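K.L.:
After the structure tokens below, expect a handful of questions from me.
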Amino acid sequence: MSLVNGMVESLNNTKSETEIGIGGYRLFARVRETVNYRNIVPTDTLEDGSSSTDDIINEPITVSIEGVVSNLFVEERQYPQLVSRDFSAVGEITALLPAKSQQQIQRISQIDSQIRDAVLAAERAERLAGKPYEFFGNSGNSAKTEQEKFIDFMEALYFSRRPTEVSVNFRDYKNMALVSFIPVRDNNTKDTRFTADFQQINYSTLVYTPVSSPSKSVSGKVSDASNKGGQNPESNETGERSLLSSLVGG
Amino acid sequence: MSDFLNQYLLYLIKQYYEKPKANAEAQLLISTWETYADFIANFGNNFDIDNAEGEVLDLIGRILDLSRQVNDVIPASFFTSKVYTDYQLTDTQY
Amino acid sequence: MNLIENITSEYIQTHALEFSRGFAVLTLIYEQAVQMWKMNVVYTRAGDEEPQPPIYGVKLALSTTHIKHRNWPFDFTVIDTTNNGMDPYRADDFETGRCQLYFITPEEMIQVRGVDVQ
Amino acid sequence: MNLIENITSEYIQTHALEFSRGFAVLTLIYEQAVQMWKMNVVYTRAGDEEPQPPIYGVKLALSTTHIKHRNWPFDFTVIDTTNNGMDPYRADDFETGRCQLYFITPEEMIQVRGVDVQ
Amino acid sequence: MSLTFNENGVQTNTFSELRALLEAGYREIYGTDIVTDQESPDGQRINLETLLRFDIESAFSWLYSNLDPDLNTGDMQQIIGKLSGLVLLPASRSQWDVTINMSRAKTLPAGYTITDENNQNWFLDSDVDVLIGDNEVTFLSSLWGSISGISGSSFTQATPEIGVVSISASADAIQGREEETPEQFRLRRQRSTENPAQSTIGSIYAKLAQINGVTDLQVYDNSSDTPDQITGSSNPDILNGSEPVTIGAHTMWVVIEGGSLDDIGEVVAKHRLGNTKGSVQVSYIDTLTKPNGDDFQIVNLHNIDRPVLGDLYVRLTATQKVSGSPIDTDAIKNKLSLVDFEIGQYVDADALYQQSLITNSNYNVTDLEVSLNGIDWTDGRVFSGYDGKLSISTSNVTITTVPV
Amino acid sequence: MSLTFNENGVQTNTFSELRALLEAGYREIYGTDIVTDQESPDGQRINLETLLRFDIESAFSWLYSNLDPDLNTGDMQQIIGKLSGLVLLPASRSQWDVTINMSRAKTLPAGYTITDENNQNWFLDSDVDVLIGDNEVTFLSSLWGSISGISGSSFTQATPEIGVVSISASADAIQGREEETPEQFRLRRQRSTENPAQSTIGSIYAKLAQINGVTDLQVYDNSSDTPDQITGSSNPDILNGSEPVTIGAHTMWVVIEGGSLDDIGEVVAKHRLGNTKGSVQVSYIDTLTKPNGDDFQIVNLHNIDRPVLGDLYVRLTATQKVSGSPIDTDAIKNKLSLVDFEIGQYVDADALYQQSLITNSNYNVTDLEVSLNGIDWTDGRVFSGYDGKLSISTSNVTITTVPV
Amino acid sequence: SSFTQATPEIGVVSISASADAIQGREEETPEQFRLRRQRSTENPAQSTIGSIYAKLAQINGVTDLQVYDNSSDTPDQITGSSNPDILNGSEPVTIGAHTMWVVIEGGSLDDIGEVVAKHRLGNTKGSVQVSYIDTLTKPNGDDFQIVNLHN
Amino acid sequence: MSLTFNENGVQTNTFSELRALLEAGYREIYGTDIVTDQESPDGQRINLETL
Amino acid sequence: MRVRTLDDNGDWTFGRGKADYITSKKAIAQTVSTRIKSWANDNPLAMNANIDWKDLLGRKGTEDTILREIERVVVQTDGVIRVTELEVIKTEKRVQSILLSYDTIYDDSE
């Protein structure tokens, strides 16, 4: 659409110095590295001669990285990858919540300790959404060689079915989805030569949102009224608990 | 600087937490809203049959069908806030 | 009593309950600045088009009729899947299953009120 | 009063207003050699085929019935989204939203004239 | 007096007070004498912020206004009404007993609809068990309300099983209850505020007033060891008393009308802890399992009394006052008639004045009184009779106008 | 379609059709293969002419439309204001007096501009001469509107001149009147059309009752020349007016209590136009603008009143209910004082009976009577009708207990 | 009795009405408008001798009109009037001082009363008694109905 | 829909509609092109107030 | 675009409504000037408000990314077109001062 949008959101992905790799796994070597900007320009000669422009439909950028992984990779000059902070309680806003007695508070404490064990994993996952490497983490076991680590990380990313962030030099694209990962092992080199095509998952906001990206502490707070479909509760079986004894009388 | 004021001032971005006029103004808004927060919090404290005096008591009477009018005379609870007729109830009794 | 499925942690969600005697629109609201789950319903009787006047802003709480005074043939009671009978207060408190909301069938309001209704 | 959307800066544009009591053709003309917004309408009643005699060349101006004397159940009033109550005079004066045109519903002309009309 | 929840109630500051508070704060922070205030940009903005805050504060004022049974008027009325276990009565389909007569007696499912005098459907849920003779079934109106009809043969043979012959029923209808309006609910609740109390003097009243057909009620108790006295009662209005009765000691007493004997008996047998005095003999049964694992039926027989309805006579004189604007007696009669009277309640001159006035009244009242036997008025109260409900008929309401 | 000016308006001919018309012309005059492109002399002139007619047609539509009194911008001052009787007050530049401190004697230029701390440029009108020290000189705004010149600011010079050391305003800047906005000018012209929202009797009452601070007020007018009659009011009671009253000759009279006095004067000057009866005099001050930018003060003086003393006295009889209990002769007085009345209200005793019943009392009114401190003690209608703010006080109610 | 039972609710029986018709107004032609406007050129004036004429001639059923005023302190005279044609005058009348007067025919009593009560500033003389009511809120926050009766 | 407390209950006004109301206000007071974003003083305060 | 002016020290301004607002070409100046100053994970309502300072001035070897992020913030500003920015001193003690120059949408009317 606008020509102004071009430079504006062309710089919207700035590559940090730390050089995230395929998502934090930089322990290989990039033999080749390509991106494919494509466009659909409708073919036939456009209709008016005055204003019938705005006909270059954009396309999902793909990024192809072929490299090699060896047992012993020595990285030349790159800064450490540091664990991102847990900035979830930045807006956390208590102290308006009710005054409730002890062991009414502590009952809530036990409930919180009870379902934090079941939610905190996915909470960390969403905190570390772009970068899977420090989610899966350094393998940490001395038995698995480096090619172990590359293969098991790649399989974890691939089965994860979550988009990752991929850095070609000069850009750290934010939501790449692993499209194709082909590791090859010649019988004349113990390394693994792998080609990985990613495809950006670009998605814009249709609806009025005053806040671009809020904290977890207000993300639901500023959410607009979400919609779920209908359903016939009278015709459910998986939870057809009887009427509570406290209600039949009342 | 109580909890309400402090946790809300964190929504001042850091260009404006330290400029005195801006911080004072944000504190003004937060304070005016904070009196409502305090009112909601203390509604429970100040409403029940214990910490209730005057009209709320009467309200409770009309919700439990008991007016301060018992039409009878009881001696005084001589151990100002409010006075009624002789043939009504001083607050504590009611 | 049947379980209304598909309740997520997002704060303001709407479920259209389609049932025998008309249908209703369960708006679940999650007040976080003070932990609770408000509910709104607009129950339109199957026999007409303009819905009955809505209910607005009642909590979800354990083992209790919520909309009984509005006098139409259904309501909701939540129960805690622990024994800590604490009212739904966390945003995710329905997705994990800590507490779950139950839609009372009209035939079951019959057993509650002891009489039919509109 | 409802906002007629889709008014661009191109000088001579036509919007076909389809509404209850017949339909009209709003020709917005922008005189630039002298800044104003002329308007033309040809309101054809829903009950026939030959439109009523047209209006030609009235300004758009703030907070004022434009076609009231032609005595058919609608008209247009523009309002300035600033408080500078200046009549629409720039070509882009409707796309940016500086001033916007409002189509008065016939039921609202009822409240204006105090009586129905053809 | 800004937003003080004090003994005086709730005192939410007025809009001008809130604007003054915000303006004072802004003035101290920024400019002692300089910043502009009203009909000006910054002033309009202060107006917007104060509008938000005053929205919340007027919500506070309304909330506390609706902690009052005498002012609630809405959903908050029922929320405050759940504070005892009672809610508004629900609309009830009107019943209608008819004689059908089918050539065969297999089964009748839900569908039927009759009496096209009105666009009505009166369906059922049960079979027929007798031959072409006139066997009776009960239909429920399709309109929840005080629906009724008169004996007309205008049935719409919706989907008849055989369609034998017309089903004209004898003339008797049960009206059915239109959903209880808040106005009635206010008095019912405030009177029945002792609902969850389970068999106390107020429990009987509160749990009898829930019955599908009851209209007017009173309860009595004689807590003394001495007979022929009344101490506890449904309304305090009669505790004043000092007027004769014929009852026994350790005895309750219900006066009731319109409830089904079955349900009245159910409640009285579940909530009585002493002797009961009455003429009508309501009944209850209960299925209990013996510890040997058997079955049997106790019969709980208890006596209640239905009020002896009566009349009431009113000595009223009106002073119209605008030269040539005569009173309308008919309106005064039709108003003073429409006063609902509770069971055996003291009718006194003192309240009837308020009902002796209509919305635009040109007349004053200067000599009003009441009497029981059409004569011999007494300057104040006069008693109805502990088991006597009263009305004011258009016939006996006498009004004497004075010209001016 | 092309330029046509009929009973339908002025259809202005578009550019393309106009040039095509001129080209078809030139073809008809000279030849079908005349080259009329950007170069050719004929092309130049066809283009020049078509542009000239397009622009002149636009200017003509300007003329036509700005002959419309409801749609006009620049001769809106012209075509209607001086034709329908209005005036557009010319705007002004806010004169500011400023001490400029100066080192070297100079003639500061014609239009050098200083800028106060809020990005507002004040340009000196004409060349001034500044001497060795401080110089009080007058800058005029650059914004023609109302430009708030706070005293005591810091000025930075937009057009620096060598020598200034200190720009400082000892006192604020008198603002400049801004124009009525074209929207507001048209709206002011149009408001004269629609009929008023109230009748002239009720107009004052309606727009004198939103005066923030009042709680009650009534109006009595004398439309007919009959001096002391009454021909209307806001009191429905005055349909006959059974009492004499002093009211001026063909006048209107208002009583308020507790009103913003200056606001009251403003409203009365806003809607009275005539003689006002009263005791206290109150005025509006208005500014009227001579065609040159002057201000002429007009005081509109009207006359209103302020009554507060109405001392209703009530005598009662309190018949007990139980032989021995007391009657709280105090709470009745409080609950009867708690009711308060209107202005010039013909207070009725029959309803006042209601205001002596206390919630849950053995008490019983009868023979209630009202008096204005006389021994008259009428049974109703104890008032006359004017200046009648009249309320009970607890030391007035004369109750008489009567043992049961 | 020739009714076309379009979509009757029950269709009970014929609906022959008593003979009396309100004609309804055909859209005003320009020729009438010229005289009405030139005569009613004092429309926006809100209760002056011309305002009454101009705002009564807008009534849905009015046909012919005149207004009178007796601005003198002396009764039985006519000074202001809807048409200057009668200012020539010097012919008898029976009216009071400080008094207006409307002569009108065809307007509904309700709307005529509406305009006269909104636009009179003195005594009114007449036989028919038009009426007006207005809903005004007392500063205590109550409701009531004034009745404006004018002749 | 916005905050209304009636015989129907207490409909609480959602965040987005509330901030849009405040922004439409500020536009009406000051100007249609007021920048109200995370930075601008008006932006800071519209956000603070709506929260 | 309008925006409330800030005084010299950068505190807010109230009063003189519709006059404490910066008009243009200076509104862009103010808005860039304090868009640079907006630490990223500060605002709970915009957690990617602007560039992340606690994670760029606290780590060695970010000067290039400081500059790239400043160019990102400036260019993505309503009213600017180009930039021309580099570093002018070299951490005279350890504080480096960079020079930032940008062409607003104004001054291109010829």
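To be explicit about the labels: the chains of the structure tokens are called A, B, and onward in the order shown, and within each one the residues are counted from 1, while ligands get numbers from 1 in the order they are shown.
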Show me, as a ChimeraX atom specification, the residues of chain A whose atoms get within 10 Å of chain B, using only C-alpha atoms for the distance check.

P.N.:
/A:90-99

K.L.:
Emit the selected residues as a PDB file, in the first residue's frame, including N, CA and C atoms.

P.N.:
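Ended up saving to part.pdb:
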ATOM      1  N   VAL A  90       5.897  -6.890  35.451  1.00  0.00           N
ATOM      2  CA  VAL A  90       6.239  -5.484  35.264  1.00  0.00           C
ATOM      3  C   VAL A  90       5.053  -4.594  35.596  1.00  0.00           C
ATOM      4  N   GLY A  91       3.867  -4.974  35.148  1.00  0.00           N
ATOM      5  CA  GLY A  91       2.662  -4.262  35.493  1.00  0.00           C
ATOM      6  C   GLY A  91       1.809  -4.935  36.540  1.00  0.00           C
ATOM      7  N   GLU A  92       2.261  -6.053  37.107  1.00  0.00           N
ATOM      8  CA  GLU A  92       1.445  -6.821  38.040  1.00  0.00           C
ATOM      9  C   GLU A  92       0.916  -5.915  39.125  1.00  0.00           C
ATOM     10  N   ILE A  93      -0.399  -5.865  39.249  1.00  0.00           N
ATOM     11  CA  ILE A  93      -1.064  -4.799  39.980  1.00  0.00           C
ATOM     12  C   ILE A  93      -2.024  -5.428  40.985  1.00  0.00           C
ATOM     13  N   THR A  94      -1.502  -5.699  42.163  1.00  0.00           N
ATOM     14  CA  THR A  94      -2.253  -6.250  43.276  1.00  0.00           C
ATOM     15  C   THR A  94      -2.775  -5.096  44.124  1.00  0.00           C
ATOM     16  N   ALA A  95      -3.140  -5.383  45.368  1.00  0.00           N
ATOM     17  CA  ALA A  95      -3.455  -4.413  46.408  1.00  0.00           C
ATOM     18  C   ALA A  95      -4.799  -3.754  46.196  1.00  0.00           C
ATOM     19  N   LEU A  96      -5.456  -4.004  45.075  1.00  0.00           N
ATOM     20  CA  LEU A  96      -6.869  -3.717  44.957  1.00  0.00           C
ATOM     21  C   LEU A  96      -7.710  -4.951  45.220  1.00  0.00           C
ATOM     22  N   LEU A  97      -7.090  -6.126  45.210  1.00  0.00           N
ATOM     23  CA  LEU A  97      -7.783  -7.375  45.435  1.00  0.00           C
ATOM     24  C   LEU A  97      -8.229  -7.476  46.891  1.00  0.00           C
ATOM     25  N   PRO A  98      -9.221  -8.316  47.181  1.00  0.00           N
ATOM     26  CA  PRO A  98      -9.946  -8.181  48.441  1.00  0.00           C
ATOM     27  C   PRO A  98      -9.093  -8.535  49.640  1.00  0.00           C
ATOM     28  N   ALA A  99      -9.540  -8.081  50.802  1.00  0.00           N
ATOM     29  CA  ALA A  99      -8.978  -8.541  52.059  1.00  0.00           C
ATOM     30  C   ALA A  99      -9.649  -9.860  52.414  1.00  0.00           C
TER      31      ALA A  99
END

K.L.:
Considering only C-alpha atoms, return as a list in words whatever protein or nucleic-acid residues lie within 6 Å of stretch 30-40 of chain C, sequence-local ones (same chain, fewer than 6 positions apart) excluded.

P.N.:
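Everything that qualifies: residues 96 and 97 of chain A; 11, 55, 56, 57, 58, 59, 60 and 89 of chain C.
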
K.L.:
Tell me which protein, DNA and RNA residues are within 9 Å of residue F:57, counting only C-alpha atoms, leaving out same-chain ones fewer than 3 positions away, and put them as a PDB file with N, CA and C atoms, in the first residue's frame.

P.N.:
ATOM      1  N   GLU D  31     -15.208  22.552  -5.913  1.00  0.00           N
ATOM      2  CA  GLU D  31     -14.706  23.711  -6.623  1.00  0.00           C
ATOM      3  C   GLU D  31     -13.424  24.158  -5.947  1.00  0.00           C
TER       4      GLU D  31
ATOM      5  N   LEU F   3     -23.520  23.339 -17.982  1.00  0.00           N
ATOM      6  CA  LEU F   3     -23.957  24.440 -17.134  1.00  0.00           C
ATOM      7  C   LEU F   3     -25.405  24.796 -17.386  1.00  0.00           C
ATOM      8  N   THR F  12     -22.885  22.827 -12.816  1.00  0.00           N
ATOM      9  CA  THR F  12     -21.656  23.383 -13.356  1.00  0.00           C
ATOM     10  C   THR F  12     -21.019  22.378 -14.299  1.00  0.00           C
ATOM     11  N   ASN F  13     -20.610  22.855 -15.466  1.00  0.00           N
ATOM     12  CA  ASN F  13     -20.124  21.979 -16.516  1.00  0.00           C
ATOM     13  C   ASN F  13     -18.702  21.537 -16.197  1.00  0.00           C
ATOM     14  N   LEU F  52     -10.387  28.633 -18.294  1.00  0.00           N
ATOM     15  CA  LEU F  52     -10.999  29.874 -17.855  1.00  0.00           C
ATOM     16  C   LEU F  52     -12.468  29.673 -17.558  1.00  0.00           C
ATOM     17  N   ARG F  53     -13.171  28.953 -18.423  1.00  0.00           N
ATOM     18  CA  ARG F  53     -14.585  28.734 -18.165  1.00  0.00           C
ATOM     19  C   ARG F  53     -14.794  27.818 -16.976  1.00  0.00           C
ATOM     20  N   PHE F  54     -13.960  26.793 -16.817  1.00  0.00           N
ATOM     21  CA  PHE F  54     -14.122  25.922 -15.663  1.00  0.00           C
ATOM     22  C   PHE F  54     -13.976  26.711 -14.374  1.00  0.00           C
ATOM     23  N   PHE F  60     -18.779  31.171 -10.181  1.00  0.00           N
ATOM     24  CA  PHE F  60     -20.201  31.461 -10.243  1.00  0.00           C
ATOM     25  C   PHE F  60     -20.978  30.586  -9.281  1.00  0.00           C
ATOM     26  N   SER F  61     -20.602  29.317  -9.167  1.00  0.00           N
ATOM     27  CA  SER F  61     -21.232  28.484  -8.156  1.00  0.00           C
ATOM     28  C   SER F  61     -20.926  28.990  -6.762  1.00  0.00           C
ATOM     29  N   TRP F  62     -19.728  29.532  -6.556  1.00  0.00           N
ATOM     30  CA  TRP F  62     -19.435  30.210  -5.300  1.00  0.00           C
ATOM     31  C   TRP F  62     -20.428  31.321  -5.044  1.00  0.00           C
TER      32      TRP F  62
END

K.L.:
Contacts from chain E to chain F, 10 Å maximum, only C-alpha atoms: show me the residue list as a VMD selection string.

P.N.:
chain E and resid 16 33 to 36 236 to 242 319 321 to 323 348 to 357 362 to 369 379 to 381

K.L.:
With only C-alpha atoms as the counted atoms, please give the residues lying no more than 12 Å from residue E:161, apart from itself and same-chain residues fewer than 4 positions off, as a list in words.

P.N.:
residues 100, 101, 102, 103, 104, 105, 106, 107, 108, 109, 110, 111, 112, 127, 128, 157 and 165 of chain E

K.L.:
Tell me the residues of chain E close to chain B, meaning within 6 Å using only C-alpha atoms, as a PyMOL selection string.

P.N.:
chain E and resi 7-9

K.L.:
Could you pull out the strand (DSSP E) residues of stretch 8-148 of chain G from DSSP and send them as a ChimeraX atom specification?

P.N.:
/G:64-70,80-81,99-105,123-125,130-137,143-148

K.L.:
Would you save the residues of that selection, restricted to C-alpha atoms, as an mmCIF file, in the first residue's frame?

P.N.:
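Contents of the output file again-v6.cif:
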data_model
loop_
_atom_site.group_PDB
_atom_site.id
_atom_site.type_symbol
_atom_site.label_atom_id
_atom_site.label_comp_id
_atom_site.auth_asym_id
_atom_site.auth_seq_id
_atom_site.Cartn_x
_atom_site.Cartn_y
_atom_site.Cartn_z
ATOM 1 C CA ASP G 64 -56.468 32.549 6.721
ATOM 2 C CA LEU G 65 -54.958 34.700 9.432
ATOM 3 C CA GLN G 66 -54.605 38.044 11.063
ATOM 4 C CA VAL G 67 -52.927 39.368 14.195
ATOM 5 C CA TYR G 68 -53.737 42.525 16.139
ATOM 6 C CA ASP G 69 -52.015 44.417 18.922
ATOM 7 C CA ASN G 70 -53.175 47.324 21.070
ATOM 8 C CA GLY G 80 -50.141 46.652 15.241
ATOM 9 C CA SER G 81 -51.542 44.102 12.838
ATOM 10 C CA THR G 99 -53.744 43.016 24.338
ATOM 11 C CA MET G 100 -53.057 40.921 21.271
ATOM 12 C CA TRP G 101 -55.682 39.202 19.129
ATOM 13 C CA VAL G 102 -55.546 36.270 16.712
ATOM 14 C CA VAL G 103 -58.120 35.595 14.021
ATOM 15 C CA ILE G 104 -57.527 32.173 12.517
ATOM 16 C CA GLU G 105 -59.408 29.292 10.935
ATOM 17 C CA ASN G 123 -53.387 39.964 27.211
ATOM 18 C CA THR G 124 -55.229 37.892 24.617
ATOM 19 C CA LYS G 125 -58.800 38.440 23.435
ATOM 20 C CA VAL G 130 -56.848 27.211 23.065
ATOM 21 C CA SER G 131 -54.644 25.341 25.496
ATOM 22 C CA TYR G 132 -51.073 24.305 26.134
ATOM 23 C CA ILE G 133 -49.248 22.128 28.640
ATOM 24 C CA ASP G 134 -45.547 21.936 29.366
ATOM 25 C CA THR G 135 -43.450 19.494 31.388
ATOM 26 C CA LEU G 136 -41.205 21.362 33.825
ATOM 27 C CA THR G 137 -38.943 19.941 36.515
ATOM 28 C CA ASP G 143 -42.889 16.883 37.772
ATOM 29 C CA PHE G 144 -46.039 18.881 37.067
ATOM 30 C CA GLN G 145 -48.122 20.356 34.258
ATOM 31 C CA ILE G 146 -48.850 24.039 33.841
ATOM 32 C CA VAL G 147 -51.896 24.759 31.701
ATOM 33 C CA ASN G 148 -51.594 27.823 29.477
#

K.L.:
When you look at stretch 47-64 of chain A with a cut-off of 6 Å (counting only C-alpha atoms), what residues show up, excluding the ones that are within fewer than 6 positions of it in the same chain? I need them as a PyMOL selection string.

P.N.:
chain A and resi 1+33-41+196-200

K.L.:
Would you compute the distance between atom CA of residue F:99 and atom CA of residue F:174? Give it in Å to one decimal.

P.N.:
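Answer for the atom CA of residue F:99 to atom CA of residue F:174 separation: 15.3 Å.
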
K.L.:
At a cut-off of 10 Å, using only C-alpha atoms, what residues contact residue A:244? Leave out same-chain residues fewer than 2 positions from it and give the result as a list in words.

P.N.:
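So, after excluding close chain neighbours, the residues are residues 241, 242, 246, 247, 248, 249 and 250 of chain A; 1, 63, 64, 77 and 79 of chain C.
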
K.L.:
Please produce an output containing C-alpha atoms for each residue in the selection, written as a JSON list (two decimals), in the first residue's frame.

P.N.:
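What landed in again-v3.json:
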[["chain", "number", "residue", "atom", "x", "y", "z"],
["A", 241, "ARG", "CA", -22.63, -34.93, 36.99],
["A", 242, "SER", "CA", -25.89, -35.19, 38.87],
["A", 246, "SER", "CA", -27.40, -29.07, 48.17],
["A", 247, "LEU", "CA", -29.61, -27.89, 45.31],
["A", 248, "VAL", "CA", -32.42, -30.44, 44.91],
["A", 249, "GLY", "CA", -33.95, -29.08, 48.04],
["A", 250, "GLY", "CA", -31.98, -25.84, 47.84],
["C", 1, "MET", "CA", -25.97, -30.66, 35.26],
["C", 63, "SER", "CA", -22.37, -24.99, 44.77],
["C", 64, "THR", "CA", -24.91, -22.21, 44.43],
["C", 77, "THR", "CA", -23.06, -23.47, 39.41],
["C", 79, "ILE", "CA", -17.58, -26.56, 41.59]]

K.L.:
So that I can check the surroundings of residue A:149, please list as a list in words every protein, DNA and RNA residue that reaches within 10 Å of it, counting only C-alpha atoms and ignoring chain neighbours fewer than 2 positions away.

P.N.:
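Selected residues are residues 25, 27, 69, 71, 137, 138, 139, 140, 141, 144, 145, 146, 147, 151, 152, 153, 154 and 155 of chain A.
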
K.L.:
Least-squares fit chain F onto chain E by Cα, in order, and just send back the RMSD.

P.N.:
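Per the least-squares fit, the RMSD is 20.5 Å.
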
K.L.:
Any chance you could tabulate, as CSV, the residues of chain F at most 6 Å from chain G with each one's nearest atom pair and distance in Å to one decimal, using only C-alpha atoms, in chain and rising number order?

P.N.:
residue,atom,partner,partner_atom,distance
F:192,CA,G:44,CA,5.0
F:193,CA,G:44,CA,4.3
F:199,CA,G:118,CA,3.9
F:200,CA,G:118,CA,5.5
F:206,CA,G:136,CA,6.0
F:209,CA,G:139,CA,5.4
F:215,CA,G:139,CA,4.6
F:216,CA,G:139,CA,5.3
F:223,CA,G:122,CA,5.3
F:224,CA,G:123,CA,4.9
F:234,CA,G:146,CA,5.8

K.L.:
Within 12 Å of chain I, which residues belong to chain D? Use only C-alpha atoms and report them as a ChimeraX atom specification.

P.N.:
/D:82-84

K.L.:
Could the residues in this selection be saved with N, CA, C and O atoms as a PDB file, in the first residue's frame?

P.N.:
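Written file, again.pdb:
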ATOM      1  N   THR D  82     -12.429  19.216  14.056  1.00  0.00           N
ATOM      2  CA  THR D  82     -11.799  20.176  14.942  1.00  0.00           C
ATOM      3  C   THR D  82     -12.910  20.986  15.593  1.00  0.00           C
ATOM      4  O   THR D  82     -14.092  20.671  15.462  1.00  0.00           O
ATOM      5  N   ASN D  83     -12.552  22.036  16.304  1.00  0.00           N
ATOM      6  CA  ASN D  83     -13.538  23.009  16.726  1.00  0.00           C
ATOM      7  C   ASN D  83     -13.484  24.251  15.865  1.00  0.00           C
ATOM      8  O   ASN D  83     -14.323  25.141  16.017  1.00  0.00           O
ATOM      9  N   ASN D  84     -12.525  24.320  14.952  1.00  0.00           N
ATOM     10  CA  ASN D  84     -12.474  25.404  13.991  1.00  0.00           C
ATOM     11  C   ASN D  84     -13.628  25.233  13.028  1.00  0.00           C
ATOM     12  O   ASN D  84     -13.500  24.537  12.018  1.00  0.00           O
TER      13      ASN D  84
END

K.L.:
Can you measure atom CA of residue I:45 to atom CA of residue C:14 for me? One decimal in Å is fine.

P.N.:
24.5 Å

K.L.:
Would you please extract all alpha helix (DSSP H) residues from chain D, as assigned by DSSP on the backbone, and give them as an MDAnalysis selection string?

P.N.:
chainID D and resid 106:113

K.L.:
So that I have them on file, write out the residues from the current selection with C-alpha atoms, as a short mmCIF file (atom, residue, chain, number, x, y, z; two decimals), in the first residue's frame.

P.N.:
data_model
loop_
_atom_site.label_atom_id
_atom_site.label_comp_id
_atom_site.auth_asym_id
_atom_site.auth_seq_id
_atom_site.Cartn_x
_atom_site.Cartn_y
_atom_site.Cartn_z
CA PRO D 106 -35.84 10.08 7.48
CA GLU D 107 -36.97 9.17 10.97
CA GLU D 108 -34.74 12.02 12.09
CA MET D 109 -36.04 14.52 9.58
CA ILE D 110 -39.27 13.63 11.36
CA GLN D 111 -37.81 15.13 14.51
CA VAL D 112 -36.52 18.10 12.49
CA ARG D 113 -39.54 19.19 10.44
#

K.L.:
If you take only C-alpha atoms and a cut-off of 8 Å, which residues of chain I touch chain B, and what are their nearest atom pairs and distances in Å to one decimal, in chain and number order, as JSON lines?

P.N.:
{"residue": "I:9", "atom": "CA", "partner": "B:19", "partner_atom": "CA", "distance": 7.8}
{"residue": "I:10", "atom": "CA", "partner": "B:19", "partner_atom": "CA", "distance": 6.9}
{"residue": "I:11", "atom": "CA", "partner": "B:19", "partner_atom": "CA", "distance": 5.0}
{"residue": "I:12", "atom": "CA", "partner": "B:22", "partner_atom": "CA", "distance": 5.3}
{"residue": "I:13", "atom": "CA", "partner": "B:21", "partner_atom": "CA", "distance": 8.0}
{"residue": "I:34", "atom": "CA", "partner": "B:15", "partner_atom": "CA", "distance": 7.5}
{"residue": "I:37", "atom": "CA", "partner": "B:15", "partner_atom": "CA", "distance": 6.7}
{"residue": "I:38", "atom": "CA", "partner": "B:15", "partner_atom": "CA", "distance": 6.8}
{"residue": "I:39", "atom": "CA", "partner": "B:14", "partner_atom": "CA", "distance": 7.4}
{"residue": "I:42", "atom": "CA", "partner": "B:13", "partner_atom": "CA", "distance": 6.2}
{"residue": "I:43", "atom": "CA", "partner": "B:13", "partner_atom": "CA", "distance": 5.7}
{"residue": "I:44", "atom": "CA", "partner": "B:11", "partner_atom": "CA", "distance": 6.6}
{"residue": "I:45", "atom": "CA", "partner": "B:11", "partner_atom": "CA", "distance": 7.8}

K.L.:
Would you give me, as a ChimeraX atom specification, the residues of chain H that come within 12 Å of chain B, using only C-alpha atoms?

P.N.:
/H:37-51
